[PDB]
Structure formats: structure tokens, C-alpha cells
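Enquirer: Sharing a structure below in C-alpha cells format, with a few things to ask.
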Amino acid sequence: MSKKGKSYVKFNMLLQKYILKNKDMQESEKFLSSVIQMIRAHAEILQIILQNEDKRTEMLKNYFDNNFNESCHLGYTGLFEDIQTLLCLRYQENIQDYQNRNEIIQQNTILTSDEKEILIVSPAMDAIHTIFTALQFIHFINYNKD
Amino acid sequence: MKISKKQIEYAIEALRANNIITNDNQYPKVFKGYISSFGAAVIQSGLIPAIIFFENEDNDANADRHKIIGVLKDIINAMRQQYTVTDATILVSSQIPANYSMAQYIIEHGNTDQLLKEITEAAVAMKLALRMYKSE
Amino acid sequence: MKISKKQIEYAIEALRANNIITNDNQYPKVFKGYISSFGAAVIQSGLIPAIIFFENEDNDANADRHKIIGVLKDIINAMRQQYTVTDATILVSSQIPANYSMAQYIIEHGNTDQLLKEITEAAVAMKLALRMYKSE
Amino acid sequence: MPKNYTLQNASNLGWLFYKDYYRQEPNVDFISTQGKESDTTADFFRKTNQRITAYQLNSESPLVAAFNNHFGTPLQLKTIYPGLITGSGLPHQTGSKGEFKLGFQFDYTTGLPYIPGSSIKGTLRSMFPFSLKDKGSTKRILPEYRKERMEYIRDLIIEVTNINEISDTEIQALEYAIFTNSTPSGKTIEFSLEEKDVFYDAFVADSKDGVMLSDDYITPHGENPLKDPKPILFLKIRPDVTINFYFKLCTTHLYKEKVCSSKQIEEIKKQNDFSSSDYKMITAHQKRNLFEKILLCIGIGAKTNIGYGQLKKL
Amino acid sequence: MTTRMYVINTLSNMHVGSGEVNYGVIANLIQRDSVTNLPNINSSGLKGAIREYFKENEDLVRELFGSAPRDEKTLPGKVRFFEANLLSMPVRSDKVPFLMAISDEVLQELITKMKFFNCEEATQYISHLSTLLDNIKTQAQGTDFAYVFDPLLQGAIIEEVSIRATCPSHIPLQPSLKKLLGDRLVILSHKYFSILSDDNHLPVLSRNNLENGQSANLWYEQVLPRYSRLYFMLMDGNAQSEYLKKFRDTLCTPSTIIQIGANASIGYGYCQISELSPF
Amino acid sequence: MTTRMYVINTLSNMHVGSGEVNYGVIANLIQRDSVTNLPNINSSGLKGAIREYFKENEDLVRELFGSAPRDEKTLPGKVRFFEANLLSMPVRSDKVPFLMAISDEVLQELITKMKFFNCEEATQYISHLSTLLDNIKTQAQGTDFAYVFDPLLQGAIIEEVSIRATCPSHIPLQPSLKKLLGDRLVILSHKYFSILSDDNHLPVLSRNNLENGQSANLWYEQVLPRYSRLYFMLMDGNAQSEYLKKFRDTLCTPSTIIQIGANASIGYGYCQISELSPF
């Protein structure tokens, strides 16, 4: 992740928000573990949403609302909103950091395909992976095996 | 099975072209039930009767239910395009004419489960792509 | 009870042959009500009463509703034409004579379940085939 | 055999009406056009009709007694002339003379004439304001419909219960609680098992000194006054026949124009911010009286616009 | 103690929807067995209905049925509900309003089920039912039959005119078998019972939708005829003793009427559940 | 005394989960074999179910199945549990309620497995099954066959694949093969059995979750038909003979019923395991 932006700030706030604090014992906003598998499984559709221009925010909100459409998900609207905001910020940072770099790497006919592929970073996919890894870290800290 | 990104892209294009999604990214809220019921009906009653039922235009339905068959046709045409052409390929790749209705097309060219498989994948793609929009 | 595409092909050819669906690919709109009413009559009253009611020609109806019985006869003849030799041992694989009253045929052939299933399937196929097309 | 229906000596009335009606006798011939009009066919159908219409029902019938034991105390009403028609749209027709040409609703197992609970529920809901669906087609008639039915329902509720004022929102909530067991928005109220409003099937209970079935005529004279009318013969429930209406109704609690459950309403009662002004109660007895008044006003069955299916107190 | 057999007496017209789309006359059809293709109640529907009846006793439901689907901690259920299979179906006749119709294949299925599961009173019922089936097959000699045990119901028409009832002597029906199967019982061949219980012969009820007194929709619903009998098996899975006893008493008490299926508000699926009495 | 063959008789509907995320109509699919794609039971699930039945006998479980997942000491399992493959499945018929359906390829795989593994009574079964398979192939000669061995069952229809059963009168079916494969046996071509065992023709059940009478969720489950037969191999890896004898006697006891799969609270996946009898 790049610390020169709001994605790092939002990532820190999300971690602090959804990590259980045992030292206290009043409460923290609850966590939905099914969002972790949704991010992994629906990654291609999320990439399609992210690559959409000037409609990605509404599309992301609609996707998360329409996938988590049950009465039990009324409590996790804050988590869904935070995930959407962080994902959009990370996609913007990744395109602004990597689009020109990738398009100059792609047509640099000195490197073979293997090193080009190891050098070419997909912005939307990297943002999805970052959000997924952050959610997995939250779950790993939160989950105990009593 | 996983989600085919290309089929979802075809679903997006077909949903926009067949006038299910309005300009402010919205649909009349009966179409999600239409797609889910189409999948269930294809499983439970067979391809031809389900296609005839959902392709009928003289229906007392809330909205234009026959548009989902147009979306199905567009998705199937798009995926039959970019089918690889090798002499070992079981796929037809012939494009369904816009003159033809889906039911007559399956009637006169229907001897293989290729259409059933393509329709199942197209219905799944429609279901997953419609979740990206809002219901009026 | 799944309607095969061959039965629907038989229904379309029978509906065309009995001058219900014109060359314009349209039909008189009252025939869909006729077919639905016959389907309901077979299950409520019985095969004999329904066929007697829909087979007479001195009725004061808008259209020739006795033609749905001819369509039924053609569909049943087409189905019986494709009965295998093993079927012919249990199932009566004999063409309905034509110019014969269908009610008379069913009366003379007992009231076997075979005719009831055949007529039910043929009526459903006729319903679907009519839904393939457009009302005048 | 011919009278006193009972379970030991009878023919199923539904079987007689639907399956045995067009039985192929050695010399009847209603297949042909000539035979459909013949006197032999008319005599055949006359004998079948006489067999169908010859059954009476005793008040102390084990069938109806079992119905009372299973579904509860019946609401007893009487049919007045011309009678009661139900299931009129069922296909029973061949084109013959002397034949019954309209369907009749017969219980399958018992053969007794009956009014299905869905018919009773719909007939009762029809006079409640929120029975017409908000649709594009129905949008032009929706407001007048609701206004008329809401005034009617308000008068009925004030007459039956000891409620002095009822609001339009209260009527909406009460109707949705009775018929949908839900909030007008579509939400669900956590209800107990005994807090469901159930509309069982009505049954014929007593014929007294006569039979419970008869034959009636409608003769539609056409738009052309110079052409011969067509007589249509159908089957009706005789006048002065007792109809048992079985319900399972609960008490509906209304607090602040919303419908409350029993535990909800007791918890609200124990609260110190509780007022009797916005608490309303209509009991099962009062609901049954309201349903009785609706039934005595509009009747039940087919052709109720022309007097068929009107009911009277025992 | 482990396995018990319960019989469902239907007090009204049952509709348990399969949900499959039918494009013929009947829009809504009833659930059928995967193997025998006879009307049945899926065990999930049985469990849901009985859980709804007992929902007021939270402790009993939690012990016997399990935890609610919303609870953070999930508790497995202890008692096992097996699907309800069709035992007897009423058939309309000319000599009597309705007869109790059962097939020899249904009897054989019940005998096999009792042998496999070892319900409490299984031994006597299996012995006498096997005797009945052997007598019926010896008399039938491979032909079609419709056997009545009251001599007064001779020549009765079992719905269709082709099926007429004969009374064979030498074949006794025990009073306990009459209690299990039903009064005015007719023993049918598999062909006849398949004909009488198929989609074209099961009862259908017509329904329409009215908008300001004018018809908007129209559909037909297949229903299971009133007073039909279905049997299901219940195994207690180390459930607590007094909770099990309360479940057994409340379930089998005369005043218990349980709603199974659809269209509850219009009186459809109301049933009485009784336990297999000692022979 | 090692490597004996066991046959699973399914007393109820069976659902062993696939763990596959199906975006489609049927969300819950059953476990299918890797090579043949026929429905199967994974050896892990079979071992878990049999361990759960025997968990009351701690010493037998420890010696045969191994240590518990939480034991401080890890004891390897001594018995080897092979996966269970589909042998016979009930297909719907008209003359009879159902027929037991097996393909020629299923028989070939059974013969191959018996040859490879040296089952206890493998030799006679291999000889007679090879005779039967060769006779069937001689009678069919590259055609789409469907053969019944009871002359009364001639012309029975398989409703899903609209074909009728022929009787090859000059092909014998031995009583032990009847016991193994099942009563009312039809042996079909591979394509017929593949069509009958695919996702579109296996029974699919509709289920919902009702929150205060309002539908909260809806999903479709596919199940293995009741009375289906599956076979698996058990190898006795240097296990104590007395614990082995207790395990085998308890497993093949008629009163033993084992639950394999999901939806245990409803009557799903209840099975009887029998040993291969001498021919």
C-alpha cells in the first residue's frame, strides 16, 4: 500500500474500527466474515466495477447492497461502506501510480513475457487483493478458537 | 465453478442494448425474478417450454418479460463470437439471426446440448450482472 | 410430464395443417382460450365430455373450435408414428383413421390411460405452440 | 340410498356430477348432433339430475359433527331464494339437452357441497378498502373504491365493537392484520400460533325437510329480440339450507395505529407511558359478528349481483 | 424407544408445493416422492410445521429441534424427522361417499420400512401385514384387483368405471389394521393406484383473482384429498426424556391440529398426528 | 481376511455436500466421483460417519480409526476406508414403482476393482459378472440397450429417458447377483445411465426459510434417490482381530443404521451397510 494518500488512512481506520478490543472486555462495530469470501470469489466482477468510469461508486454500492440483501446485513452497512470507500481510493491510487508505467513496460521489446508479467501490476486487482488481505488480518486478529 | 468475466461483460452489454437497464442504471425490479425463474424453469420443465413461456409477448406480465430472451440471444451470439476455430471443436459458432426467434431456432437447430449449456451460463451471467444495478 | 421439442414440432405442423395459424404466422385470438378451456375440461369433466363438447360443429362460437380436435388428432397420429416396436407391444401404435370421430375412437378403444396421457400431452404441446406465435 | 346422504349409503355427489354424469350407456348417443337433441338423451340426463337432486342432509350428521369437532363452533346462516351457486366456472358441458351446463363446487372426499375458504376470504376482503391492488390499470378506480369501502368498514366496526373512533390508518392496519397477518408495508409481526386468522371451508349442514340441491334456469335473450333464447340449466343449493361457516379468529390489538402482538401489548400496558386513548381491541367474537354482517350484506358465491347466494340468520 | 411411527390424518385439503413450474393445466402441483412418485411431505416441511407448533416452548424447541437460524451459536437438533409417505387416499364411489384406497406396493413399502427402522410396535404389524399381502397375492394370481373387506361394498366403482370392487373371503382384515389404514378400505393393484393418484386424477381446485369484482388471474391448484393418511418415522437422538415425553403427549393429544403445507389462512393443511397404537 | 467389500443400502434421501460454489439454480450439489462423475461418498465422510456411530466404544475407535483430533498422543488409523461408488439407482417405471438401474460401465468398473483389490469373495463374483457382461454385450451388439431379467417387467418404461425395457430371455441372472445389484434390475447403456444420473434428472428439492411466515431465503438441493446402492472396500491393516470382529459384526447387524452426509435432523442419508456374501 502507498502511504502518500487517503487509502493508508482509511486502512488504519478500518483496522482500528473492526478489531475487537479484549482489554475493555463497551462494544465495537461487528464484522461479517462472509465479505472476505465475497471479495475473493467476486473479484472479477469487482474488477469490472472498478474499471468503469464515473459510475463505479454507485455500482459498487449497488453490488454490495444486492449481494447482501438479507435482514442480517442491516447491521453491516458501515462495514460495506468502509470497504467500498477504501477499494475506490486504492483503485484511484493504483491507476495514478501504475497506468503509464504498465503501458511503457508492455511495449518495451527488450524484456521477455515472463519478466513483463512479473512487472505488470493490475490496479483494480491489486486493490481487491489489498482489501482482501486487510479483511483477513482483521479476521485473524478477531477470531479465537474457544 | 467460477464466474466468467467475459460472460459478465457480455451480460452488461446485452442488458444495456436490450433496454432493461435505463440510462440512470436502473431496472423495473421484476427482471431479477424473471432471470431467477428462467433458470429454475429451464431446470424443472425443459429448455423449449421455458423459452416459449418467457419469450411470449401476449402475456399479462408486469413488464416486458420477453426482453430477457433478447439478452440471452445477445449473450449467446457474443460468446459464439470469439469461439476458437479448430477442427476438434464441438461448438457450432454460427450466429443466431436477429430475424429468428429463440424458440424456432432451438426447434430447427436443437439436436445438441450446446444450446442448453450456453443458455445456462448466459442465465447465470445475467443473474450476476444484474446485481450491479438498482431496482426502481 | 416434459414436452419434448418433437411434440412441439408436431403441434406446430398440425396447427398449420388445420388452418389455425395462417401464412402470416398469426392465429385468431379465441383459440388460446379454446385450448386452455379444453385443458381444464379434460381434468375436470373428463376426456369424453371435453372431446364431445369441442368436437361438435353446430356451435354458436366465433371461430371453428372443432379444429383443435383435428390438431389433437394430427399430434396423436404423429406421436404414434414414432412408437418403437417395443412400445407397440403395450401401446396401441395404430393411426387414428381420420374422418373418424375422435370421441367415437376413444369410446371404442375403452377409456385407456394411454389416450388420456396422449391427449393431455398433445393439448399442452398445442398450448405452447400457440404461444410461439401471435394473436391476430 | 336416495335420501339421507350419510357415509354408509350414498354416492359421491362430486363423482355423480363430474365422472358418472356422461357415462356411456348402451343406447344413449349424445355424440351425434341428432342424438344430442333427442328425447333419449334428455331422459338420460333427467334421470341423472334426479339422482343428484334426491339427497337430503340431517342436522345430526356424523360428517358435519366431525366438521364441528375439528374446525370449531360453526357460524350458522340460511340460504334464501333463489339459492347459492359456487364453482360456476368449472367446465361441465357437452352440448346436450337437459344437461347441467354450469360447474358446482363439491368436496372431493365427502361430496358435500361446500364454499372453499378462499372464496369466503375473498368475499370478506372485497368490502375492505385495501383489497384492490395498486396497479397502473387499477389506479383510476383506486381512490373511490378505498373511500367507499373505508366508510362502510368504519360504520361496521363502530356498530360491532365498542370503539368510538377508528382512523383510516387503523382500518388499513386492521385489514392487513386480519387477512395478511402483516404490516401494510409488508413487514411481519411476531405472532403466536393462536394469533392467526383462518378461513376454513363452509359446508352445507342441514337441509331440514327438503333436499340440499336443486336445478335452476337462466335464459339469456340475445341482443336480437327476434331470435330464440337459449335455456341454460345449472345446479344450485336449495333455499332454506343451513350453511356452516368455520373460522379461527384471534383478538387484534391496535396501539398508536399499529397492530401489536399479545406480549407486545402486555409490555405496553405495563409501561407508564400508556394511554387508553390510542389502544383499541376487537375480539374474535366481534370479528365474527363483523364477518356475519358483511356476509348478510353482500352474500357469497356466484351471480350475487342477481340475488344468488344471499344468507339469513337461523 | 428410538424409532416411532406416526400417522398423519388430514382434516382438510393438503397442499405441499413442490415449486416446480408446470405449463399444463395445473399451475401449482404437490410434492411427490423421488422414488415411488406418490404424494409426500418432505421432512423439512414436517420439521418446520412441528417447530412452528411448539415455538412457544423455547426450551423444548431448542433441545429437540435445534437453534433458531438467527442465533449466533448453533445447536444441532436431537430428534430426527423422516419424510411423510402416503398411506391411504380417499377414492369416490357410487355405493359409498369415499373409500380408503391403498396399493399392494404401498403395503410392501410400509412393511420394508418397518423392518428396516424397527419402530416400537413393528413386529405384530409386520407379521399381520405380511400375512395380508401374501393372501392378497395368492388370490390375485398376477391379475388386476380391487379388494374390499366389507361385503356390502361389492361391485363399487373406484372412481373410474373400469375399476370395480370384489369382496374376497378367506382374507381377514384385523381391527388394528383397519385402525391403521382406514374404514371402508379397498386394496388396489399398483396400476389402479397409479392411475388414481396421478396428476390427471388428483383433486384440483380452481382459483381466480378479482379486481373490483372482475377476474384478473386464474389458476388451478392440485391438492391432497381430505382425510388422507400419511406415515412418517421419528427417531429420538439422545434427546432429554421429559422434553421428549411432552413432545409425544402434545403431538398425539386429541385436541392438537397441526398445519402442514401452504394456504394456511384458507384452511388447507390442517392435520391430526397419531402414534402407532399397540396391536 | 483383508480387503472385504461392503454394500451401502440407502434407506432415505442422501445429500453429501460437494463444497462447490455453484452460481446457478442448484446451490447444494452432491458429491461426484472424479473419473466417472457418478455420485459417490468420499472416504473421509464414510470414515467420519462410521466413527460417529462407534464413538461410544472408545477402545474400538482408538484401535481401528486412530486418535481423536485433539489427543496429545497421535495414533495412526489401522483400517483403510475406500470411497463408495454408485452401484444401483432407482429409476421411475410404470409397471412397477421403480427399477434398479445399473450401467454396463458400472459393472465393468466393479469387475476391474474386484480384480485389482482381491475382495474376499471376489473370484466367483468376477466370473459370473464377466459372464453376464459378455452376454449383455453379445445381445446388444453396439446398440442402446435396456434389459430386464424378469419376464413380467418387459416393456417397463423409464420415464426420464423415454425408453422401454426388453427381456433378453437367454441371459441368466443368478440369485446372488440379484442380491448384490438389487431387485427389479435393469441394465442400461452408458448413455442412458449418464442421462439418468446427471444434474437435470437427479431429484431436486425446493427449500425455504420462513421468518414469521414470510419467505426469507430460497434454495434448491439435489439428493441421491432413496434405496440407492453404493459399494466400497475395507482393508484391514494389521488391526486386532477381536476389535475387527466386533466392528464387522456391529456394522453388518440388521439393526445398525448409519447416517452419512448432511441434513441429519431431517431424514437424510440413513444407510444400511452389508458385507459381500459368498456366491
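Starting from 1 in every chain, residues are counted up; chains themselves are A, B, ... following the order of the C-alpha cells, and ligands are numbered from 1 as listed.
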Should the cut-off be 9 Å, what would the residue list for chain F against chain D look like, counting only C-alpha atoms, as a PDB file with N, CA and C atoms, in the first residue's frame?

Expert:
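And here's part-v7.pdb as it stands now:
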```pdb
ATOM      1  N   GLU F 211     -39.444 -16.611   8.006  1.00  0.00           N
ATOM      2  CA  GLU F 211     -39.323 -15.727   9.163  1.00  0.00           C
ATOM      3  C   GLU F 211     -40.700 -15.134   9.441  1.00  0.00           C
ATOM      4  N   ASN F 212     -41.353 -15.628  10.492  1.00  0.00           N
ATOM      5  CA  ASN F 212     -42.701 -15.195  10.863  1.00  0.00           C
ATOM      6  C   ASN F 212     -43.680 -15.378   9.707  1.00  0.00           C
ATOM      7  N   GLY F 213     -43.560 -16.501   9.004  1.00  0.00           N
ATOM      8  CA  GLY F 213     -44.442 -16.805   7.900  1.00  0.00           C
ATOM      9  C   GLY F 213     -44.079 -16.153   6.586  1.00  0.00           C
ATOM     10  N   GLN F 214     -43.029 -15.341   6.551  1.00  0.00           N
ATOM     11  CA  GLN F 214     -42.586 -14.671   5.339  1.00  0.00           C
ATOM     12  C   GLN F 214     -41.288 -15.307   4.861  1.00  0.00           C
TER      13      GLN F 214
END
```

Enquirer: List the neighbours of residue 30 of chain A out to 12 Å using only C-alpha atoms; skip same-chain residues closer than 4 positions along the sequence, and give me the result as a ChimeraX atom specification.

Expert: /A:14,17-21,72-80,138-139,142

Enquirer: Can you check the Cα RMSD once chain C has been least-squares fitted onto chain B over every paired atom, in order?

Expert: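 After superposition, the RMSD is 1.3 Å.
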
Enquirer: Would you tabulate, counting only C-alpha atoms, all residues of chain C that have an atom at most 10 Å from an atom of chain B, showing the closest pair of atoms and their distance in Å to one decimal, sorted by chain then ascending number, as CSV?

Expert:
```
residue,atom,partner,partner_atom,distance
C:1,CA,B:45,CA,8.3
C:2,CA,B:45,CA,6.1
C:3,CA,B:49,CA,7.2
C:4,CA,B:48,CA,7.8
C:5,CA,B:107,CA,6.4
C:6,CA,B:107,CA,8.2
C:8,CA,B:107,CA,8.4
C:9,CA,B:107,CA,7.2
C:124,CA,B:49,CA,9.9
C:125,CA,B:49,CA,8.9
C:128,CA,B:52,CA,6.7
C:129,CA,B:52,CA,8.2
C:130,CA,B:52,CA,9.6
C:131,CA,B:56,CA,6.1
C:132,CA,B:52,CA,6.0
C:133,CA,B:56,CA,8.0
C:134,CA,B:58,CA,7.4
C:135,CA,B:58,CA,7.8
```

Enquirer: Distance limit 7 Å, atoms considered: only C-alpha atoms. Which chain C residues sit that close to chain E? Return them as a list in words.

Expert: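 Interface list for chain C against chain E: residues 39, 40, 43 and 124 of chain C.
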
Enquirer: Would you give me, as a list in words, the residues of chain E that come within 6 Å of chain F, using only C-alpha atoms?

Expert: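 The selection requested is residues 36, 43, 77, 80, 81 and 82 of chain E.
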
Enquirer: For a quick test of understanding: name the residues of chain A lying within 12 Å of chain F when counting only C-alpha atoms, and present them as an NGL selection string.

Expert: :A and (37-38 or 41-42 or 69-72)

Enquirer: Residues of chain D within 6 Å of chain C, counting only C-alpha atoms - could you list those as a count of residues only?

Expert: 5

Enquirer: Using DSSP secondary structure from the backbone, list all alpha helix (DSSP H) positions within segment 29-92 of chain B, as a ChimeraX atom specification.

Expert: /B:31-45,47-55,67-80

Enquirer: I need the residues from that last selection saved to file as a PDB file, in the first residue's frame (with C-alpha atoms), if you can.

Expert:
```pdb
ATOM      1  CA  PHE B  31     -36.456  -8.667 -14.082  1.00  0.00           C
ATOM      2  CA  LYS B  32     -34.350 -10.213 -11.302  1.00  0.00           C
ATOM      3  CA  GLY B  33     -37.245 -12.538 -10.563  1.00  0.00           C
ATOM      4  CA  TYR B  34     -37.544 -13.076 -14.310  1.00  0.00           C
ATOM      5  CA  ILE B  35     -33.932 -14.295 -14.606  1.00  0.00           C
ATOM      6  CA  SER B  36     -34.018 -16.462 -11.476  1.00  0.00           C
ATOM      7  CA  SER B  37     -37.324 -18.001 -12.563  1.00  0.00           C
ATOM      8  CA  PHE B  38     -35.860 -18.590 -16.029  1.00  0.00           C
ATOM      9  CA  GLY B  39     -33.021 -20.631 -14.566  1.00  0.00           C
ATOM     10  CA  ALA B  40     -35.347 -22.604 -12.308  1.00  0.00           C
ATOM     11  CA  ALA B  41     -37.831 -23.198 -15.135  1.00  0.00           C
ATOM     12  CA  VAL B  42     -35.122 -24.387 -17.524  1.00  0.00           C
ATOM     13  CA  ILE B  43     -34.044 -26.916 -14.905  1.00  0.00           C
ATOM     14  CA  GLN B  44     -37.567 -28.010 -13.953  1.00  0.00           C
ATOM     15  CA  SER B  45     -39.538 -28.020 -17.227  1.00  0.00           C
ATOM     16  CA  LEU B  47     -35.408 -25.583 -22.409  1.00  0.00           C
ATOM     17  CA  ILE B  48     -38.083 -25.245 -25.100  1.00  0.00           C
ATOM     18  CA  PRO B  49     -41.152 -24.708 -22.842  1.00  0.00           C
ATOM     19  CA  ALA B  50     -39.290 -22.232 -20.625  1.00  0.00           C
ATOM     20  CA  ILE B  51     -38.054 -20.290 -23.659  1.00  0.00           C
ATOM     21  CA  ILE B  52     -41.575 -20.251 -25.112  1.00  0.00           C
ATOM     22  CA  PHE B  53     -43.016 -19.053 -21.794  1.00  0.00           C
ATOM     23  CA  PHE B  54     -40.525 -16.236 -21.270  1.00  0.00           C
ATOM     24  CA  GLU B  55     -40.456 -15.265 -24.961  1.00  0.00           C
ATOM     25  CA  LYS B  67     -36.540  -8.806 -23.204  1.00  0.00           C
ATOM     26  CA  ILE B  68     -34.657 -11.399 -21.147  1.00  0.00           C
ATOM     27  CA  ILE B  69     -34.736 -13.722 -24.164  1.00  0.00           C
ATOM     28  CA  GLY B  70     -33.199 -10.933 -26.238  1.00  0.00           C
ATOM     29  CA  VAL B  71     -30.481 -10.559 -23.609  1.00  0.00           C
ATOM     30  CA  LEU B  72     -29.950 -14.331 -23.730  1.00  0.00           C
ATOM     31  CA  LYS B  73     -29.682 -14.195 -27.526  1.00  0.00           C
ATOM     32  CA  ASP B  74     -27.165 -11.353 -27.412  1.00  0.00           C
ATOM     33  CA  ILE B  75     -25.012 -13.123 -24.812  1.00  0.00           C
ATOM     34  CA  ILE B  76     -25.056 -16.365 -26.801  1.00  0.00           C
ATOM     35  CA  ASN B  77     -24.154 -14.535 -30.014  1.00  0.00           C
ATOM     36  CA  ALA B  78     -21.309 -12.724 -28.245  1.00  0.00           C
ATOM     37  CA  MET B  79     -19.885 -15.928 -26.771  1.00  0.00           C
ATOM     38  CA  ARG B  80     -20.258 -17.795 -30.075  1.00  0.00           C
TER      39      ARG B  80
END
```

Enquirer: In Å, with one decimal, what is the gap from atom CA of residue 258 of chain E to atom CA of residue 236 of chain E?

Expert: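 Atom CA of residue 258 of chain E sits 20.1 Å away from atom CA of residue 236 of chain E.
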
Enquirer: Fewer than 4 positions away in the same chain doesn't count, so skip those; otherwise give me all residues within 10 Å of segment 176-183 of chain E, counting only C-alpha atoms, as a PyMOL selection string.

Expert: chain E and resi 7+87-90+98-102+107+125+128-129+132+149-150+227-231+274-279
